[PDB]
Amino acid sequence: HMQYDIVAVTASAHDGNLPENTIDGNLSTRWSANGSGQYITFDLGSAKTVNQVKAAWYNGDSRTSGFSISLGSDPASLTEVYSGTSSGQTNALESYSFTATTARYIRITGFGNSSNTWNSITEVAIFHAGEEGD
C-alpha cells in the first residue's frame, strides 16, 4: 500500500480557503471554490502508478457532492478515470478506486453539492493501493 507525496496543489479558484488546506492533514481546514466545474489539481512531482484517490468532504456526513477525477502526465492532457457522488455518510477520507494507471497530475472537478453550489474538500490523499478489506 503506497501513499504518494503531493509536492504541489493548485486550483481553478478559491475563496481564501486555500488549495493547500487539502494536504495539511487537518479535517478542520478546507479548499473551497463556488460553482459547478471548479477543480483542484495535485502534483506527485513525477509519473507514478495510481489506482485510488481519497477525498474527505466538508460537511461530508450532511450532504452529497458530485465530482469527477482525471489524471495524466500534464494538466493540459488529463483523462477521466472516475465520476460519481460522495456518500453523504462520513467526514473521513472516502476512497475512489479505479484501474491502475500512470499519472503525475490528479485533478478533482466538483459539480457542487446537494445543499449548495460550493465545492469544499478538507483532505485528499493519492494511493497505489493493494488488496484491502475484511
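In this text, residue numbers run from 1 along the sequence as written.
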item: Greater mean Cα temperature factor according to the PDB record, 111 to 119 or 19 to 27; value: 111 to 119
item: Stretch exceeding the other in mean C-alpha B-factor - 77 to 85, 91 to 99; value: 77 to 85
item: Within-chain third of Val9 by Cα B-factor, per the entry; value: highest
item: Relative C-alpha B-factor of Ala47, binned into the chain's lowest, middle or highest third; value: highest
item: Chain-wide C-alpha B factor ranking for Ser36, given as lowest, middle or highest third; value: highest
